[PDB]
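J.: The structure under discussion is supplied below as structure tokens; questions concerning it will follow.
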Amino acid sequence: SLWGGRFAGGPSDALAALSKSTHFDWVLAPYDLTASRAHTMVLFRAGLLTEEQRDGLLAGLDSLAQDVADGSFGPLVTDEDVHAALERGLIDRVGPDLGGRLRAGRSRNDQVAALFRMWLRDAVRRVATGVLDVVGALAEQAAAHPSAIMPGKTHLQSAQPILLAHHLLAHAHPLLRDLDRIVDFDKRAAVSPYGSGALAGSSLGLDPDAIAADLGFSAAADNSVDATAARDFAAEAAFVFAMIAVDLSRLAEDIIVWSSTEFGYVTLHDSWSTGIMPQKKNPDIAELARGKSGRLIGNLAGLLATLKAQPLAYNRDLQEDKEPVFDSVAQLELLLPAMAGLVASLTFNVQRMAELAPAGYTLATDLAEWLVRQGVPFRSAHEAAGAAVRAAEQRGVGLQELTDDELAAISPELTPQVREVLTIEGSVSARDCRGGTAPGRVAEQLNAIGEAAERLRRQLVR
Amino acid sequence: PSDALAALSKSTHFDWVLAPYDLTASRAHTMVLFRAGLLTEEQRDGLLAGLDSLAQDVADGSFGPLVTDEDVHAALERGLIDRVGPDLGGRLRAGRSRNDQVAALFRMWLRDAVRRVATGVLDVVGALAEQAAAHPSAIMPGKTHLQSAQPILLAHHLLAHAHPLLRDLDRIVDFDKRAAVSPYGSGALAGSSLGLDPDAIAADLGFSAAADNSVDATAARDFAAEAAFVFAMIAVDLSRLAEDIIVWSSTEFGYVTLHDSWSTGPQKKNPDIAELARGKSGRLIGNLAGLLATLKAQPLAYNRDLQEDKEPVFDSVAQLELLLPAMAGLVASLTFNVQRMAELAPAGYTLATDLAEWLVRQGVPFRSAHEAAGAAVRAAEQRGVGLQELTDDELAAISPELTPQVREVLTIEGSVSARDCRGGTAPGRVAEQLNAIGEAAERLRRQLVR
Amino acid sequence: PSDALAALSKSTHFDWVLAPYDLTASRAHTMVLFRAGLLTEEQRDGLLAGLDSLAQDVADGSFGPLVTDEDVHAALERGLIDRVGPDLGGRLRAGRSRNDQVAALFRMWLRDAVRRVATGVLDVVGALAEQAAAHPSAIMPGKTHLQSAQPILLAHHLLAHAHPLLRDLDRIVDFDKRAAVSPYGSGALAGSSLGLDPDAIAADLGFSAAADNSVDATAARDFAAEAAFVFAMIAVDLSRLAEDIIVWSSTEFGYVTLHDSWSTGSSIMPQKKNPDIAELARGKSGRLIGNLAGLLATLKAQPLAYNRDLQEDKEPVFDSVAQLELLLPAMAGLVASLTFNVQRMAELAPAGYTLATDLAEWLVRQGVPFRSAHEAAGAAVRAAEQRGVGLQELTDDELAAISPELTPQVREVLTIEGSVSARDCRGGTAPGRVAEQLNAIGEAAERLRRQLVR
Amino acid sequence: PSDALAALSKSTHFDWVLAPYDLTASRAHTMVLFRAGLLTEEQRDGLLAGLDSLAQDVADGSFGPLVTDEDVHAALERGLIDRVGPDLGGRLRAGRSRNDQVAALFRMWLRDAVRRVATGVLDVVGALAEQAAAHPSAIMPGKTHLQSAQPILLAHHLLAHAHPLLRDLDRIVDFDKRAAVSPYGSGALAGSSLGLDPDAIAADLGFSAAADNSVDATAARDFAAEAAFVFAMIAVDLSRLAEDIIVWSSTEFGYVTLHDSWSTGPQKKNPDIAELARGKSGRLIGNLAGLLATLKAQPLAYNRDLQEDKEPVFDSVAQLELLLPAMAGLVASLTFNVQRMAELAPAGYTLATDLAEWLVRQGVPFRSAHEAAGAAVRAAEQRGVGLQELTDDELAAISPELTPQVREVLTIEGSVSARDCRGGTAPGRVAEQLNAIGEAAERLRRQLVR
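In order, the protein sequence lines correspond to chains C, P, E and D.
What the first sequence shows, in UniProt numbering, is residues 7 to 281, 284 to 470, in sequence order.
What the second sequence shows, in UniProt numbering, is residues 17 to 281, 286 to 470, in sequence order.
What the third sequence shows, in UniProt numbering, is residues 17 to 470, in sequence order.
What the fourth sequence shows, in UniProt numbering, is residues 17 to 281, 286 to 470, in sequence order.
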């Protein structure tokens, strides 16, 4: 027998080898046992098992579950999958006779779909926990360094000075939206296929709504062919995982560049890096995060390509649904606490960041801006700024060092009050609308992040 | 600027589609400047006048991008100057930024675009629901592995293609909540130093909220990746429908006859539209894989790579805007050969399963239920009849529990009726299912409108 | 090292496959040191015997990674030091660098891997050729758009799946040429400062040449992306063959019967067969396209030189190979054991008056203008439908009534056998051509395995 | 044909680039018909002159597609008939077939396109070589993990981006041999029954050989996939160079200064070309992934899904045609800040490695060589000096093996000079490597021609 399908003789060596999934699907075991208990209650509530038969199966399953859990029951070298292994194990405990009675009204197709969903619902919550740990590490670094100012980058060129905290937090928001995506995903994942049978619906008079409720689902499927055939929930999980990986790679890239000798923004901790003197530390975790995001994009693209153009209903190609998702989850289970530890382990050189923030006359922008809100038109504000730069460049000073003689000599509009934005402190203070980098704003942002995170966590718990 | 740099950075051949939104953004900004007290009641009106002149000329086709123009914004500023002069039109340049503009404009576009895609998806759902409703009684082989398992209602099968599409609309609805956050007021990356109100501006421009972090608002493109994901998902779902139609339409199956206006071509008809749907779904997977690859490992904040956000998303939308009405029309146009499907539904003794499951229901242990069923096939093979054509004694000779009452499931009508739990193929369940699709579709439509 | 860092960087669960290659690189590095005069004859022989001992225990699986080993290389260093002491073992570390070693081992591994894949491909091609040779004269409908077009030889359809596979073998040959460049001697980035000879080392290790640039040699992975690509291409070609088989094996088509040992049947009907292998092929082609796309995404935008990201080059390529090593013999056995229902196929070949085309082509060949020829073919079809008859059963009086040009000579193409025989240019389905084609495939295959051997 | 079908099948907005090849095929076919004795000399020459005139009108823009033209082939049938009339026009339809012709045009177009890309690739390699030849002495930090490792010649780093591009050129050469097989004469699927010579036609059209199987020739698109891969591989190689340039030009590295004509812009210059290169490599990866997804699981022979082969490859080519001259120019325009690079090259006591390695060369066991270098660093860090400034006494204190001769590797120049095996950064090896790049590039160029 192979996947409950039958042979006059037996499968060829090469087919037996191709069919095997026990080296990755064993993590489905506990869910499979759960489903079996529920199917026992189904056959009972359908008057298909006596009280002792039901008790006989339930004790069989408990024993089996204990043995699976302690690692003393495993697959033989001949089981194609966890389902065949578990059937064999139950029959060992309860006899061909009683074990066989459980097989009645069972189909592999709705079973496999349901178990994958149950496992996914736990997996996205483990991933959610890792995401929250990274948001947490970012938010605690932001709270620990609420006044450091660094050059804000666009195209890796210095633009406006920003709070380091504001930059850190900018990495948390995509992570919060990924949690929001996990919440939205869970509602679609929470639909049970049990009762769908092979494709056409169960002919035992079972109740798909009750079984759903038994297993943690929020509802039962509306269409048995769809329930057994479709894998868009796996595709959606794969997308959310790739998205998380991509968001981590963006942070990973910052840390990598921040860590270079030339930037010197951060010093890596010895426990969270590898590796000329002790001054040479490699951001290996950040580099792995970068590389693994590629892999998770690949899992997603492969999964979609596997789903494409498949006719209804169940096909054996759908055996390929699990490994890419399992891989994505496993990588993120490794990556998320490594990245959270990395972020938390970081030491920032704020003197280095403060000396770079105003380089190449970036505050000229703040000058021009200041002038615009006096009432100077854009062209004149920007001519005056260019001039003040030229002046400071020829005099070899910073824009702030310019005397009032010179300020007035560039434009009568340039009151000495402009100096309040000609320092990095002052520049950053001016940016005080919602989302801006001013201290008052970033403090409220960090707070809103704590709330959204607790709100998202509570939405997942249900 | 070198010719090569200029050639590489021209975007007008795809971004012109953003022109209506830029004008709307320009109107809002005129208001921002006025409320900031940087425009007189008079200046404001001149600018608002000029933007309507530019708008009408844009919707006319009379104002167009010049080969000289780098992008849509350049063209429109030039076009504004040529309606209010360098003095006034230049006053608008005050307190504005490319980085937040571009993110905002794309989100506004996408929010219109997912609604057009939503409309097309609803068309395909209605087409499938209509064909299901028009075929209350047609029964077909239910396939796994392209092999006949249980008989199903054609309606049940068609509806199985409507449900993924409804989940896609549900995805669009969830996507729209994240898309509806405005970056306007973020400036280049650090936040505006005017005293504007991003909240007011968000409401003006049609968003539900303003962004919480100016760096994030200008650097992130995950809304674009999520859009690309939904489009790729819709296309993958259409490709499964496309594959069914292609196979059904083959000479050997003959389940459907294609309409001459919806095929090409003796009585040889090609399912061209379904073929294109299959092929295009790969292209949409590609757009998505490419876009995530583009976003990967970019440092903050804005980088010019993020300009590569627009084209794969534009392409996916444009493809679906063609594919959805064509698929909807292909589905509505099919003629199902109901007699052909009905004669195939019980072939290869598929009803042996229904016999085995009837026995299980009677109390018979699973292993002997199957032996009986296999034995029943054997008896019928020898005789060359079908299962229901077995005499009572023959039946009893296979098992005592095999009473004459088993015949209620040995026709395809009987088989299909026995599957009457939620989601099953029984006419009564399928009628409720069909009805619930309509209600689900109206609920999702109403959510997008709001 | 934190627990999270160590879990993240552990590769021994996949990289163990490089162990025998690492051992080979150690024997070669031993020689390098001896040739530079950094080892005595006795030390050299103690290291070589230490490595032989370790090769034995690796080969019998008695030596294995510890939970504590970062990767295969660390494990092998530990194992050697266990067998020759810290004293001697330490001497081998001299002049050693991880960056060039890792690139070299992966390339050595790939060169063996593509050769196992090529063998797998040659078996599928052999299974297709054997089936073609076994049915030299069976005719089937030719499909475009899953619609019956011109009749073709079954053999011509089967061989059509052999050609992309021969192109994939040709690509393995091209790939091998670029893969056979040794990075050994490039050090961490900048080149070795020992006086070692990279070209000597290359040859010890079975390479054809040594890298021209130390930074490129350590940092580049376009050789792994090319392998991944060739693997995806093979899987895509298999998937097209798989799709044919899936459709052919349906009830409605009934072109093939699946062999009992190569497909699952129904619980009740062991002989009502699902084409599981073909479906898994189709499904696995997605996975291999994803391996490729991911790997290229991994390589994208990496600054030079080496970065830890490049460690991610291995697993997608290992996965692709592993999948094909399972799939290729599955597919070969599946194709070799198919039963073709040649009678069903020949009854369907002239379905829907497909032979009307051959009639139109015949007229155009006599000088009849295109549009006239088709008007004539459509008339022959209507006459034939109206009279419940096949085109060839229209009498001379009826043919001549459609057109004076339609002489009884036209009947040479109103038979499927005659339709097939008229398509006799190179690449056509005529039996003479197909027989030559079948000969050339065998010679092309022999040519390609000779090329791999070198 | 319905509106939705018409809009979906319409290919003229991207297939127009195939017109010159379609006309070439039409000339070839006029000759086939002539050799089959279905054209008189005068009919042949009327068509050839018709085709020449149409070709000229196509080249100058005076003949274009109408909204009504399904595809390029239909637009050209229209235009031919306008020029030579319906009657001579219609003789050309005889014996021709869409499926073998579309595969042929695409191949012909690809083989020209890979040559244009190759020319772009040679330009970047040329720009890299020229910058390397212009810097025979500049030394920089060699990076791993973006951390300073061994000093390397700047030329050695620059040439490291040339080698992947030569391998891509080599991939193009290999690709071209497979692309160079003609499918013309395969008919729709089964072979032509016209008694034509496919080898003669192949020569006419510019191919090296004719297909061996009509079904494969008309169905298979692995040549498109292979081209897509080479293009994505070039884009990926460009993105690594782009990434280097983006990092080098940040204020913090200061390794290069950008040229005003090759960047956008206080005195802040953005490396836009480099950023666009990086973002477009994602797009090209996506084109490849999508195309392979389109090809996956397609039954033989021709299916309309295969029309989707073209746009991903056209896009890939178009993008590389803009990017390559822009990257070549960008590289040629850089100013390298050699003093900044030289000052960073020894930083963090990276020469400790060279010290240790020198000790190993002497005979010192690896672990001792290392503890010695660790000691030397400690000594110099306390004193605030470079390794080179440690006196003969303090060197002998650390180790008797550590004689004054060691100072030959404690300058960056000395460090770099010791790396003198093939492929190493020693000035004499790099000069040989540069010369070999010229030879390889010319050898490859020649393989591509004719």
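Every residue, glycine too, gets a C-beta built ideally from N, C-alpha and C.
For residue 220 (chain C), which option in C:362, C:437 and C:196 has the closest C-alpha, if you only look at C-alpha atoms?
T.: In the first sequence, counting from the first residue as 1, residue 220 (chain C) sits at position 214. Checking every option, the nearest Cα to that of residue 220 (chain C) belongs to C:196.
J.: Is any beta-carbon of chain D found at less than 9 Å from that of residue 115 (chain P)?
T.: Residue mapping note: residue 115 (chain P) aligns to position 99 of the second sequence, counting from 1. Output row for residue 115 (chain P): interface = no.
J.: In the DSSP output, what is residue 164 (chain D) paired with across the bridge?
T.: On the fourth sequence, position 148 is the one that residue 164 (chain D) refers to. DSSP, once it has assigned bridges, lists D:159 as partnering residue 164 (chain D).
J.: Could you check whether residue 383 (chain E) and residue 54 (chain D) sit closer than 9 Å to each other, using their CB atoms as the reference points?
T.: The residue you call residue 54 (chain D) lines up with position 38 of the fourth sequence. The residue you call residue 383 (chain E) lines up with position 367 of the third sequence. Cβ distance < 9 Å, so residue 54 (chain D) and residue 383 (chain E) count as in contact.
J.: Hey, is residue 229 (chain P)'s beta-carbon within less than 9 Å of any beta-carbon in chain D?
T.: By 1-based counting over the second sequence, the position of residue 229 (chain P) is 213. By this cut-off, residue 229 (chain P) is not an interface position.
J.: Okay, do the region 85-98 of chain C and the region 342-358 of chain P touch, 3+ Cβ pairs below 8 Å being the bar?
T.: With a cut-off of 8 Å, the region 342-358 of chain P and the region 85-98 of chain C do not count as touching, because too few Cβ pairs lie within range.
J.: Is there a Cβ of chain E sitting closer than 9 Å to that of residue 168 (chain D), yes or no?
T.: Within the fourth sequence, residue 168 (chain D) is the residue found at index 152, counting from 1. Yes, its Cβ sits closer than 9 Å to a Cβ of chain E.
J.: Starting from the beta carbon of residue 172 (chain P), find every residue of chain C whose beta carbon is closer than 8 Å, and list them in chain order.
T.: Numbered from 1 along the second sequence, position 156 holds the residue referred to as residue 172 (chain P). Those within 8 Å of residue 172 (chain P) in chain C are 206, 229, 230 and 231.
J.: Within 8 Å: the Cβ of residue 465 (chain P) and any heavy atom of the ligand ATP?
T.: As far as ligands go, the structure on display features none, and thus does not contain the ligand ATP.
J.: For residue 290 (chain P), count neighbouring C-beta atoms within 10 Å of its own C-beta (all shown protein chains included) and say buried if the count is 16 or more, exposed if not.
T.: As a first step, residue 290 (chain P) must be located in the second sequence, where it is residue number 270. Label assigned to residue 290 (chain P): buried.
J.: Just the Cα atoms here: how many angstroms apart are residue 28 (chain P) and residue 307 (chain D)?
T.: Your numbering for residue 28 (chain P) matches position 12 in the second sequence. Your numbering for residue 307 (chain D) matches position 287 in the fourth sequence. If you take the alpha carbons of residue 28 (chain P) and residue 307 (chain D), they lie about 22 Å apart.
J.: For residue 274 (chain D), would you say it is in contact with chain E, using Cβ-to-Cβ distances shorter than 9 Å as the test?
T.: Position 258 of the fourth sequence holds residue 274 (chain D). Judged by the 9 Å Cβ criterion, residue 274 (chain D) is not in contact with chain E.
J.: Starting from the C-beta of residue 283 (chain P), find all residues in its chain whose C-beta is less than 8 Å away, skip the five residues before and the five after it, and write them out in chain order.
T.: Since the model of chain P passes from 281 to 286 in one step, residue 283 (chain P) is not part of what is shown.
J.: What residues in its chain sit with their C-beta under 8 Å from that of residue 341 (chain D), if we drop five residues either side in the sequence?
T.: If you number the fourth sequence from 1, residue 341 (chain D) lands on position 321. Only 132, 133 and 136 meet the Cβ criterion.
J.: With DSSP collapsed to three states, give me the class of residue 426 (chain D).
T.: Along the fourth sequence, read from residue 1 onward, the residue named residue 426 (chain D) stands at position 406. Looking at residue 426 (chain D) - three-state DSSP - the assignment turns out to be helix.
J.: Which residue from E:205, E:215 and E:239 puts its Cα closest to that of residue 230 (chain E)?
T.: Mapped onto the third sequence, residue 230 (chain E) falls at position 214. Comparing Cα positions, the closest option is E:205.
J.: Who are the Cβ neighbours of residue 273 (chain D) in its own chain at under 6 Å, not counting the five residues just before and after it?
T.: Counting from one through the fourth sequence, the residue named residue 273 (chain D) turns up at place 257. The residues are 355.
J.: Apply the 10 Å Cβ neighbour rule to residue 379 (chain P) and answer buried if 16 or more other Cβ atoms are within range, or exposed otherwise.
T.: Stepping through the second sequence from its first residue, residue 379 (chain P) is reached at position 359. That one is buried.
J.: With 9 Å as the threshold, decide whether the Cβ of residue 440 (chain D) is near any Cβ in chain E.
T.: Numbered from its first residue, the fourth sequence carries residue 440 (chain D) at position 420. Closer than 9 Å: yes.
J.: Listed in chain order, which residues of the region 302-324 of chain D have Cβ atoms closer than 7 Å to some Cβ of chain E?
T.: Correct list: 302, 305, 309, 312, 313, 315, 316, 317, 318, 319, 320, 321, 322, 323 and 324.
J.: Pull up the distance between the alpha-carbon of residue 469 (chain C) and that of residue 182 (chain C), whole angstroms please.
T.: The sequence position of residue 469 (chain C) within the first sequence is 461, counting from 1. The sequence position of residue 182 (chain C) within the first sequence is 176, counting from 1. One C-alpha to the other measures close to 16 Å.
J.: Does the region 252-271 of chain E touch the region 295-302 of chain E, meaning 3 or more C-beta pairs lie closer than 8 Å?
T.: With the cut-off at 8 Å, the region 295-302 of chain E and the region 252-271 of chain E touch.
J.: Excluding the 5 residues preceding and the 5 following residue 245 (chain D) in the sequence, name in chain order all residues of the same chain whose CB lies nearer than 6 Å to its CB.
T.: For the purposes of this step, residue 245 (chain D) is taken as the residue at position 229 of the fourth sequence. The answer, listed in chain order, is 308.
J.: Quick one: using the 10 Å Cβ neighbour count with 16 as the cut-off for buried, is residue 403 (chain C) buried or exposed?
T.: On the first sequence, residue 403 (chain C) is found 395 positions in, with the first residue counted as 1. Exposed, since its Cβ has fewer than 16 Cβ neighbours within 10 Å.
J.: Specify whether the region 426-445 of chain P and the region 166-173 of chain P touch according to this definition: at least 3 beta carbon pairs, one from each stretch, less than 8 Å apart.
T.: As far as the Cβ criterion goes, the region 426-445 of chain P touches the region 166-173 of chain P, which means the pair count is three or higher.
J.: Less than 8 Å between the CB atoms is what I'm expecting for residue 13 (chain C) and residue 349 (chain E), so what's the real figure, rounded?
T.: As a first step, residue 13 (chain C) must be located in the first sequence, where it is residue number 7. As a first step, residue 349 (chain E) must be located in the third sequence, where it is residue number 333. 14 Å between Cβ atoms; not a contact.
J.: With a threshold of 16 other CB atoms inside 10 Å of the CB of residue 17 (chain C), please say whether the residue is buried or exposed.
T.: Along the first sequence, one-based indexing puts residue 17 (chain C) at 11. Classification for residue 17 (chain C): buried.
J.: Check the Cβ-Cβ distances between residue 451 (chain E) and every residue of chain C, and say whether any is below 9 Å.
T.: In the third sequence, counting from the first residue as 1, residue 451 (chain E) sits at position 435. Cβ-Cβ to chain C under 9 Å: no for residue 451 (chain E).
J.: Counting only C-beta atoms, is residue 357 (chain D) closer than 9 Å to chain C at any point?
T.: Counted from its first residue, the fourth sequence places residue 357 (chain D) at position 337. Judged by the 9 Å Cβ criterion, residue 357 (chain D) is not in contact with chain C.
J.: Leaving out five residues on either side along the sequence, give the residues of the same chain with a beta carbon under 8 Å from the beta carbon of residue 458 (chain C).
T.: Your numbering for residue 458 (chain C) matches position 450 in the first sequence. Only 145 meet the Cβ criterion.
J.: What distance in whole Å lies between the Cβ atoms of residue 30 (chain P) and residue 334 (chain P), which are believed to be in contact at a cut-off of 8 Å?
T.: Numbered from 1 along the second sequence, position 314 holds the residue referred to as residue 334 (chain P). Numbered from 1 along the second sequence, position 14 holds the residue referred to as residue 30 (chain P). Correct: roughly 6 Å between the Cβ atoms.
J.: Near residue 184 (chain P), which residues of its chain fall below 8 Å by C-beta distance, leaving aside the five closest residues on each side in sequence?
T.: Taking the first residue of the second sequence as position 1, residue 184 (chain P) is located at position 168. Answer for residue 184 (chain P): 137, 246, 249, 250 and 253, listed in chain order.
J.: Find the nearest neighbour of residue 461 (chain C) within the set C:186, C:322 and C:42, judged by alpha-carbon distance.
T.: As a working mapping, residue 461 (chain C) is identified with position 453 in the first sequence. Of C:186, C:322 and C:42, the residue nearest in Cα terms is C:186.
J.: Output needed in chain order: residues of the region 400-419 of chain E with a Cβ under 8 Å from some Cβ in chain D.
T.: So the list is empty, because no residue satisfies the distance condition.
J.: What does the alpha-carbon distance come out to for the pair residue 33 (chain P) and residue 80 (chain P)?
T.: Sequence index remark: in the second sequence, residue 33 (chain P) carries index 17 (1-based). Sequence index remark: in the second sequence, residue 80 (chain P) carries index 64 (1-based). Residue 33 (chain P) and residue 80 (chain P): Cα-Cα distance of roughly 11 Å.
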